[PDB]
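K.L.:
Got a structure for you, questions after.
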Amino acid sequence: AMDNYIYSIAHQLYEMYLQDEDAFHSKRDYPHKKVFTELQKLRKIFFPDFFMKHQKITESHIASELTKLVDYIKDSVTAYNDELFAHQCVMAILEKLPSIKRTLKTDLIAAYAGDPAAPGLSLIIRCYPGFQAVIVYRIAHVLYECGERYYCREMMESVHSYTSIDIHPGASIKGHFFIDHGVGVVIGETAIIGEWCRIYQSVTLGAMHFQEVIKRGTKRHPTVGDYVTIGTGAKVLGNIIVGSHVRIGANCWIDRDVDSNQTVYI
Amino acid sequence: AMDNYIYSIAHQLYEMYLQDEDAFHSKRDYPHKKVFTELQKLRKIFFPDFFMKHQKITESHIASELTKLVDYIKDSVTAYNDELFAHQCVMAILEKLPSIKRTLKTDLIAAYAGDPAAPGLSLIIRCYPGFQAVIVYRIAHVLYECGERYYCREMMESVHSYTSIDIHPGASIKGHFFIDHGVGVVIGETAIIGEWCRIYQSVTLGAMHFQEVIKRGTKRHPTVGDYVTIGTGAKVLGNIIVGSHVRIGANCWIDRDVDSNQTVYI
Amino acid sequence: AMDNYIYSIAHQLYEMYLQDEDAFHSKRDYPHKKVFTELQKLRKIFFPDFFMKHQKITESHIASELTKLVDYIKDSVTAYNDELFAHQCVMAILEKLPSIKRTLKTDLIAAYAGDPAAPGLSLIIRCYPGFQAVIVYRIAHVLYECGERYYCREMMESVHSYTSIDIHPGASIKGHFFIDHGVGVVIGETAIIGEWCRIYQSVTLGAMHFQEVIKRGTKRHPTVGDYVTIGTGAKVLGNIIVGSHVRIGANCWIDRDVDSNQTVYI
């Protein structure tokens with residue numbers, strides 16, 4: 001049953017690949033670079049020209065990688081939770097993958113448009129850390145939405161170590177999303193970020209806690225609108241609202257609401 | 001002789017484990033994730049439920065991991081120093097491990113209490129980067145206190161790369177210590193930090209040096225009291241004193257003494 | 001032909017090693033730590049006492065490592081480009097290696113002189129992240145100067161992940177260069193940095209881009225003179241000029257020209 005369901009989702013993803021515009025295609029066999037399991041597998045599956053020898057890109061081989069990835073995530077969700085919760089979480093992931101593939105194309109488009117230094121999508125797809133982070137994040141988020149609270153944090157801790165970008169999986173982020181450079185980025189469990197958000201190194205959208213067992217959870221991180229740019233070093237803290245079309249300056253400390261259509265600096 | 005001494009310290013650590021409260025225990029077999037030697041081994045030994053299959057947790061297996069760890073550290077201290085200094089340094093480490101185990105329990109307690117996002121200790125213990133850093137730091141510090149100056153910096157450079165947290169091993173840090181997120185954290189060779197210190201990403205407690213061969217060593221980094229919180233981005237520099245119950249704001253630049261019982265921001 | 005050329009460059013590098021002053025020499029066999037290919041190989045070749053067992057340091061073994069390194073880089077430049085461009089790029093690299101070796105000695109000298117915490121050069125050479133970054137950067141830069149635009153960014157993305165330091169390979173940096181700690185450092189494609197530059201963690205010399213497909217390339221990052229110090233957290237942005245003998249404070253936001261012989265802070 002889960003195997004037949006995997007076959008169908010691999011088939012959908014194999015066809016989407018086929019019909020992806022030529023910017024998402026390439027005939028080159030690229031250098032093989034082994035990375036942590038969830039990333040390695042999500043990469044191959046979503047953007048096969050860039051990570052698989054041309055000769056091996058086959059609907060069947062894509063199913064095989066999707067199965068390896070499923071087993072691994074199911075194995076890990078089970079360890080921290082139980083077999084039935086795991087089964088249900090992975091079904092959720094499977095259901096959402098076509099959708100996440102679409103969103104990730106849009107994040108690639110935002111990355112190219114936002115980065116005067118990018119030569120083409122092949123480079124972003126292959127090596128841009130912002131993009132590796134978001135790939136894994138969009139998967140870890142489905143797991144958070146299932147109610148899972150352990151393995152999904154451990155996934156993002158793989159991101160955290162590989163890229164120095166720290167996105168809590170409960171964060172809610174829409175498409176055309178781009179983190180440039182990314183080191184020192186931290187995004188909180190209850191962060192909400194809208195469309196076309198561009199974020200630099202050393203930005204925090206989260207919270208701090210001065211001393212005096214702090215209450216667990218609750219909405220406590222910013223909500224950011226659409227078309228927002230947050231400059232290198234800015235710390236945006238608390239349950240505050242940043243409107244749409246806001247550009248925040250470098251090293252800004254934001255602790256109160258920010259109205260739409262502004263530029264903040266000092 | 002060192003083998004009999006290792007047996008006794010493993011025995012002490014095997015018993016402490018036994019009597020650890022149930023928050024530090026679990027019956028789950030967790031996913032295996034291989035990490036740099038000193039971390040991999042300190043983890044297993046100190047918090048065996050989280051890193052070892054239940055079936056293999058045996059006083060004997062804990063001695064075996066302690067021996068592997070000893071040999072490795074002794075091998076590495078010898079390379080940079082000499083066999084007798086190495087012998088003495090490792091004896092020091094062995095002597096201090098029960099004590100460091102106690103302190104690390106307290107750091108776990110501070111991490112849970114300080115982090116609205118933490119679900120339980122199993123998660124901190126397994127994957128929280130602040131905590132992996134402190135584990136290795138508390139060991140590297142004993143080596144610094146022995147007078148060693150090479151291998152102990154190289155240990156923390158393993159931390160530095162894995163977690164992007166940069167703690168010089170000569171730093172003196174008490175318990176109930178918590179670094180949240182941690183990327184960009186830098187703590188200097190002569191830093192002194194008291195109890196219940198909570199530190200965010202992008203905090204420096206160290207020093208800078210404007211140009212015009214700078215003098216080696218000497219007390220030159222802050223001394224921080226008890227119950228201090230240092231917000232995301234704060235740079236606290238020079239041989240200055242921060243008193244107890246100080247909360248420092250995000251992006252603050254601290255270069256002069258800070259009296260106890262204050263909040264600093266702008 | 002490329003093999004005979006490799007023999008000659010290995011021979012030059014084997015002799016330079018021989019005549020390096022004794023600070024760049026050691027009889028100790030140091031602990032083996034495996035790192036990403038380009039770093040692993042550039043290390044061995046340039047500073048053989050620190051990375052090779054004494055018994056194996058032989059003109060011949062240095063040629064063998066230079067050949068492995070050449071093949072790997074040629075293999076990777078070919079993948080993204082074509083065989084003739086690759087051939088020409090690697091010839092360029094080979095031609096520049098003696099020169100880069102000299103510059104890297106000077107960067108070691110700047111690191112020791114700039115860091116009260118450094119015990120000797122063996123430590124910098126072995127484990128200092130600033131230094132691993134610069135090693136790979138000086139090689140990736142030759143590739144950028146050849147016109148290559150893919151593999152050279154992917155090299156520095158290996159740096160980015162290992163060290164959390166992010167230097168675009170088109171950046172132009174002179175000698176006696178030192179990045180201390182380094183996490184969060186970002187240096188832009190058109191950055192120009194003069195001699196004796198000392199840079200701390202969380203410094204950016206690059207650019208940001210507020211929203212509303214941004215133009216590609218063009219001179220857009222700072223140009224920094226000689227003897228400049230840029231303090232922890234400073235963000236220096238845009239096509240601006242920082243003169244010589246400037247010291248910039250912690251967390252400073254620099255967006256306009258800075259005249260020579262100043263100290264900037266607030």
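Chain labels follow the order of the structure tokens: the first chain is A, the next B, and so on; residue numbering restarts at 1 in every chain, and ligands are counted from 1 in their shown order.
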List every residue of chain C that has an atom at most 8 Å from any atom of chain B, giving for each one its closest atom pair and the distance in Å to one decimal, counting only C-alpha atoms, sorted by chain and then by ascending residue number, as CSV.

P.N.:
```
residue,atom,partner,partner_atom,distance
C:28,CA,B:79,CA,6.4
C:29,CA,B:79,CA,6.3
C:30,CA,B:79,CA,5.4
C:31,CA,B:76,CA,6.1
C:112,CA,B:213,CA,7.4
C:113,CA,B:213,CA,4.1
C:114,CA,B:214,CA,6.2
C:115,CA,B:214,CA,7.0
C:116,CA,B:216,CA,4.3
C:117,CA,B:217,CA,6.0
C:118,CA,B:216,CA,7.7
C:119,CA,B:149,CA,7.0
C:123,CA,B:150,CA,6.5
C:127,CA,B:154,CA,6.1
C:128,CA,B:157,CA,7.5
C:129,CA,B:157,CA,7.9
C:161,CA,B:161,CA,8.0
C:162,CA,B:161,CA,5.6
C:163,CA,B:161,CA,5.5
C:164,CA,B:164,CA,6.7
C:181,CA,B:166,CA,7.2
C:183,CA,B:184,CA,5.3
C:184,CA,B:184,CA,6.2
C:200,CA,B:208,CA,7.7
C:201,CA,B:184,CA,7.1
C:202,CA,B:184,CA,7.1
C:227,CA,B:211,CA,6.8
C:228,CA,B:211,CA,7.6
C:229,CA,B:210,CA,5.8
C:231,CA,B:208,CA,6.5
C:232,CA,B:235,CA,7.3
C:233,CA,B:233,CA,7.7
C:247,CA,B:210,CA,6.1
C:250,CA,B:253,CA,6.6
C:251,CA,B:253,CA,6.9
```

K.L.:
Those residues with C-alpha atoms, as a compact mmCIF listing (two decimals), in the first residue's frame please?

P.N.:
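For reference, again20.txt as written:
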```txt
# COMPACT_ATOMS: atom_id res chain seq x y z
CA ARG C 28 56.46 15.83 14.62
CA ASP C 29 54.07 13.34 13.00
CA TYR C 30 50.71 15.12 13.58
CA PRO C 31 47.23 13.61 13.87
CA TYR C 112 50.45 34.90 14.35
CA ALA C 113 51.05 38.67 14.69
CA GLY C 114 47.35 39.40 14.97
CA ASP C 115 46.29 36.74 17.46
CA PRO C 116 47.39 36.92 21.12
CA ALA C 117 45.92 33.39 21.40
CA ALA C 118 48.22 31.73 18.79
CA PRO C 119 51.03 29.42 20.29
CA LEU C 123 48.50 25.45 15.05
CA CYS C 127 43.45 24.05 12.35
CA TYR C 128 42.85 27.78 11.99
CA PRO C 129 39.68 28.23 9.84
CA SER C 161 30.30 24.71 4.99
CA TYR C 162 33.54 23.71 6.71
CA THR C 163 34.28 27.09 8.22
CA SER C 164 31.18 29.27 7.91
CA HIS C 181 37.40 33.25 14.22
CA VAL C 183 32.13 32.54 11.40
CA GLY C 184 29.63 34.77 9.51
CA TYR C 200 36.82 39.37 12.66
CA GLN C 201 33.71 37.17 12.85
CA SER C 202 30.43 38.59 11.48
CA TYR C 227 46.44 48.07 7.37
CA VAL C 228 42.64 48.04 7.82
CA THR C 229 40.92 46.37 10.86
CA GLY C 231 35.72 44.74 14.12
CA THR C 232 33.33 41.95 15.03
CA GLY C 233 29.85 42.49 13.39
CA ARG C 247 39.95 50.65 12.20
CA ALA C 250 32.20 46.36 16.39
CA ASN C 251 28.66 46.26 14.85
```

K.L.:
Can you tell me which residues surround residue 59 of chain B at a distance of at most 12 Å, considering only C-alpha atoms, apart from same-chain residues fewer than 5 positions away, and format the answer as a PyMOL selection string?

P.N.:
chain B and resi 6-18+45+48+64-66

K.L.:
Determine which residues of segment 1-198 of chain A receive a DSSP assignment of helix (DSSP H, G or I), computed from the backbone, and state them as a PyMOL selection string.

P.N.:
chain A and resi 2-19+22-24+37-46+48-50+54-56+59-80+83-114+121-127+129-145+151-163

K.L.:
Take the residues that were just selected and, keeping C-alpha atoms, output them as a short mmCIF file (atom, residue, chain, number, x, y, z; two decimals), in the first residue's frame.

P.N.:
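Resulting contents of result00.cif:
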```
data_model
loop_
_atom_site.label_atom_id
_atom_site.label_comp_id
_atom_site.auth_asym_id
_atom_site.auth_seq_id
_atom_site.Cartn_x
_atom_site.Cartn_y
_atom_site.Cartn_z
CA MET A 2 2.64 2.59 0.93
CA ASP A 3 4.76 1.12 -1.91
CA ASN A 4 1.94 1.65 -4.48
CA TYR A 5 1.47 5.09 -3.05
CA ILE A 6 5.22 5.74 -3.44
CA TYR A 7 5.09 4.51 -7.07
CA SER A 8 2.36 7.13 -7.84
CA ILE A 9 4.11 10.05 -6.22
CA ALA A 10 7.43 9.06 -7.96
CA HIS A 11 5.52 8.89 -11.21
CA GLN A 12 4.08 12.38 -10.64
CA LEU A 13 7.53 13.71 -9.80
CA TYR A 14 9.19 11.95 -12.76
CA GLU A 15 6.64 13.61 -15.11
CA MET A 16 6.96 17.10 -13.56
CA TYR A 17 10.74 16.82 -14.08
CA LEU A 18 10.12 15.92 -17.78
CA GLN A 19 8.02 19.04 -18.26
CA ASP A 22 14.90 23.97 -19.75
CA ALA A 23 16.44 26.18 -17.01
CA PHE A 24 15.80 23.17 -14.66
CA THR A 37 20.76 11.49 3.72
CA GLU A 38 17.61 13.60 3.67
CA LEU A 39 19.34 16.31 1.51
CA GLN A 40 21.07 13.80 -0.81
CA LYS A 41 17.78 12.16 -1.58
CA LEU A 42 15.52 15.17 -1.79
CA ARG A 43 18.08 16.73 -4.27
CA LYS A 44 18.21 13.68 -6.61
CA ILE A 45 14.43 13.31 -6.70
CA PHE A 46 13.51 16.95 -7.20
CA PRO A 48 17.64 14.89 -11.14
CA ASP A 49 19.76 16.47 -13.95
CA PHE A 50 22.07 18.02 -11.40
CA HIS A 54 22.09 11.18 -17.39
CA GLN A 55 22.14 7.41 -18.08
CA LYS A 56 20.43 6.58 -14.76
CA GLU A 59 11.10 6.80 -13.51
CA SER A 60 12.13 3.56 -11.77
CA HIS A 61 15.36 4.96 -10.30
CA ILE A 62 13.48 7.94 -8.89
CA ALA A 63 11.00 5.58 -7.15
CA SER A 64 13.95 3.67 -5.69
CA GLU A 65 15.46 6.89 -4.14
CA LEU A 66 12.01 7.94 -2.93
CA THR A 67 11.68 4.54 -1.27
CA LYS A 68 15.11 4.83 0.41
CA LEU A 69 14.19 8.26 1.63
CA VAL A 70 10.78 7.12 2.91
CA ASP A 71 12.28 4.13 4.81
CA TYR A 72 14.91 6.33 6.44
CA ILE A 73 12.43 8.98 7.56
CA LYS A 74 9.91 6.31 8.67
CA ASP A 75 12.73 4.47 10.55
CA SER A 76 13.70 7.78 12.27
CA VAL A 77 10.12 8.99 13.10
CA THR A 78 9.38 5.51 14.57
CA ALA A 79 12.51 5.75 16.87
CA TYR A 80 11.28 8.89 18.49
CA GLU A 83 5.19 3.00 14.03
CA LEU A 84 1.63 4.27 13.36
CA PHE A 85 2.49 7.95 13.84
CA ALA A 86 5.47 7.34 11.50
CA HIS A 87 3.29 5.67 8.85
CA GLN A 88 0.91 8.71 8.91
CA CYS A 89 3.68 11.30 8.88
CA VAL A 90 5.34 9.75 5.85
CA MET A 91 2.01 9.59 4.00
CA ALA A 92 1.66 13.25 4.67
CA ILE A 93 5.18 13.85 3.25
CA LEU A 94 4.45 11.78 0.13
CA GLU A 95 1.15 13.72 -0.45
CA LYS A 96 2.93 17.06 -0.26
CA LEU A 97 5.99 16.40 -2.41
CA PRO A 98 4.58 17.51 -5.81
CA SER A 99 3.47 20.81 -4.18
CA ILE A 100 6.88 21.38 -2.52
CA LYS A 101 8.56 20.69 -5.82
CA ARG A 102 6.56 23.58 -7.32
CA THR A 103 7.39 25.87 -4.44
CA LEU A 104 11.11 25.00 -4.69
CA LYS A 105 11.11 26.01 -8.36
CA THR A 106 9.79 29.32 -7.27
CA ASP A 107 12.54 29.63 -4.58
CA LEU A 108 15.11 28.99 -7.34
CA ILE A 109 13.56 31.78 -9.35
CA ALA A 110 13.75 34.12 -6.36
CA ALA A 111 17.39 33.13 -5.72
CA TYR A 112 18.47 33.88 -9.34
CA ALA A 113 16.48 37.15 -9.38
CA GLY A 114 17.89 38.24 -6.05
CA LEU A 121 20.18 27.81 -11.76
CA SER A 122 22.51 24.81 -12.03
CA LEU A 123 24.79 26.55 -9.47
CA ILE A 124 22.02 27.43 -6.98
CA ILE A 125 20.58 23.98 -7.25
CA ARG A 126 24.00 22.34 -6.74
CA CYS A 127 25.71 24.36 -4.08
CA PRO A 129 23.29 26.81 1.04
CA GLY A 130 20.06 28.86 1.28
CA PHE A 131 18.62 26.44 -1.20
CA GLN A 132 19.83 23.21 0.44
CA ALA A 133 18.29 24.56 3.73
CA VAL A 134 14.88 25.20 2.12
CA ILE A 135 14.76 21.96 0.42
CA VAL A 136 15.02 20.10 3.77
CA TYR A 137 12.91 22.65 5.62
CA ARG A 138 9.90 22.24 3.31
CA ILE A 139 9.98 18.45 4.10
CA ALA A 140 10.66 18.92 7.89
CA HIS A 141 7.74 21.41 8.00
CA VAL A 142 5.23 18.72 6.77
CA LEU A 143 6.51 16.56 9.65
CA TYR A 144 5.98 19.45 12.11
CA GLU A 145 2.41 19.95 10.74
CA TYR A 151 12.98 13.93 14.22
CA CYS A 152 11.92 17.09 12.37
CA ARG A 153 14.12 19.22 14.65
CA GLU A 154 17.00 16.71 14.08
CA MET A 155 16.70 17.07 10.28
CA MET A 156 17.09 20.86 10.55
CA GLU A 157 20.02 20.30 12.91
CA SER A 158 21.67 18.53 9.92
CA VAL A 159 20.94 21.78 7.97
CA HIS A 160 22.21 23.81 10.89
CA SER A 161 25.60 22.07 10.83
CA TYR A 162 26.00 21.88 7.05
CA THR A 163 25.02 25.46 6.35
#
```

K.L.:
From a DSSP calculation on the backbone, collect every residue of segment 59-219 of chain C in strand (DSSP E or B) and output the set as a ChimeraX atom specification.

P.N.:
/C:166-167,172-173,178-180,186-187,192-193,198-200,204-206

K.L.:
How about saving the chosen residues, N, CA and C atoms kept, as a PDB file, in the first residue's frame?

P.N.:
```pdb
ATOM      1  N   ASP C 166      32.573  32.949   4.110  1.00  0.00           N
ATOM      2  CA  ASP C 166      31.961  32.951   2.771  1.00  0.00           C
ATOM      3  C   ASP C 166      32.660  34.046   1.910  1.00  0.00           C
ATOM      4  N   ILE C 167      33.643  33.599   1.161  1.00  0.00           N
ATOM      5  CA  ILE C 167      34.418  34.441   0.279  1.00  0.00           C
ATOM      6  C   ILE C 167      34.143  34.026  -1.161  1.00  0.00           C
ATOM      7  N   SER C 172      39.242  40.228  -4.651  1.00  0.00           N
ATOM      8  CA  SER C 172      40.701  40.337  -4.884  1.00  0.00           C
ATOM      9  C   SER C 172      41.350  40.697  -3.548  1.00  0.00           C
ATOM     10  N   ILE C 173      42.150  39.772  -3.015  1.00  0.00           N
ATOM     11  CA  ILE C 173      42.771  39.987  -1.697  1.00  0.00           C
ATOM     12  C   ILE C 173      44.295  39.843  -1.681  1.00  0.00           C
ATOM     13  N   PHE C 178      44.403  38.195   7.309  1.00  0.00           N
ATOM     14  CA  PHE C 178      43.964  37.379   8.473  1.00  0.00           C
ATOM     15  C   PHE C 178      42.487  37.585   8.866  1.00  0.00           C
ATOM     16  N   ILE C 179      41.732  36.500   8.816  1.00  0.00           N
ATOM     17  CA  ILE C 179      40.330  36.453   9.308  1.00  0.00           C
ATOM     18  C   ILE C 179      40.384  35.744  10.673  1.00  0.00           C
ATOM     19  N   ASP C 180      40.086  36.423  11.777  1.00  0.00           N
ATOM     20  CA  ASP C 180      40.126  35.705  13.070  1.00  0.00           C
ATOM     21  C   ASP C 180      38.750  35.213  13.470  1.00  0.00           C
ATOM     22  N   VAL C 186      31.562  37.346   5.290  1.00  0.00           N
ATOM     23  CA  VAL C 186      31.112  37.265   3.875  1.00  0.00           C
ATOM     24  C   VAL C 186      31.811  38.349   3.055  1.00  0.00           C
ATOM     25  N   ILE C 187      32.465  37.923   1.986  1.00  0.00           N
ATOM     26  CA  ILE C 187      33.226  38.845   1.146  1.00  0.00           C
ATOM     27  C   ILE C 187      32.745  38.710  -0.326  1.00  0.00           C
ATOM     28  N   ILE C 192      37.603  44.329  -3.066  1.00  0.00           N
ATOM     29  CA  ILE C 192      39.067  44.423  -3.270  1.00  0.00           C
ATOM     30  C   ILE C 192      39.642  44.732  -1.891  1.00  0.00           C
ATOM     31  N   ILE C 193      40.608  43.954  -1.408  1.00  0.00           N
ATOM     32  CA  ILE C 193      41.154  44.141  -0.056  1.00  0.00           C
ATOM     33  C   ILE C 193      42.696  44.227  -0.184  1.00  0.00           C
ATOM     34  N   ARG C 198      42.935  42.700   8.596  1.00  0.00           N
ATOM     35  CA  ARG C 198      42.589  41.793   9.703  1.00  0.00           C
ATOM     36  C   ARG C 198      41.087  41.912   9.896  1.00  0.00           C
ATOM     37  N   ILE C 199      40.397  40.795   9.820  1.00  0.00           N
ATOM     38  CA  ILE C 199      38.922  40.817   9.818  1.00  0.00           C
ATOM     39  C   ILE C 199      38.379  39.842  10.869  1.00  0.00           C
ATOM     40  N   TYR C 200      37.385  40.264  11.638  1.00  0.00           N
ATOM     41  CA  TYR C 200      36.816  39.367  12.658  1.00  0.00           C
ATOM     42  C   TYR C 200      35.532  38.656  12.179  1.00  0.00           C
ATOM     43  N   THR C 204      30.872  41.720   7.076  1.00  0.00           N
ATOM     44  CA  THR C 204      30.519  41.627   5.669  1.00  0.00           C
ATOM     45  C   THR C 204      31.197  42.783   4.919  1.00  0.00           C
ATOM     46  N   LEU C 205      31.822  42.422   3.806  1.00  0.00           N
ATOM     47  CA  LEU C 205      32.304  43.380   2.819  1.00  0.00           C
ATOM     48  C   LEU C 205      31.620  42.875   1.575  1.00  0.00           C
ATOM     49  N   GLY C 206      30.436  43.374   1.311  1.00  0.00           N
ATOM     50  CA  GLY C 206      29.708  42.859   0.170  1.00  0.00           C
ATOM     51  C   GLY C 206      28.636  43.871  -0.150  1.00  0.00           C
TER      52      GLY C 206
END
```
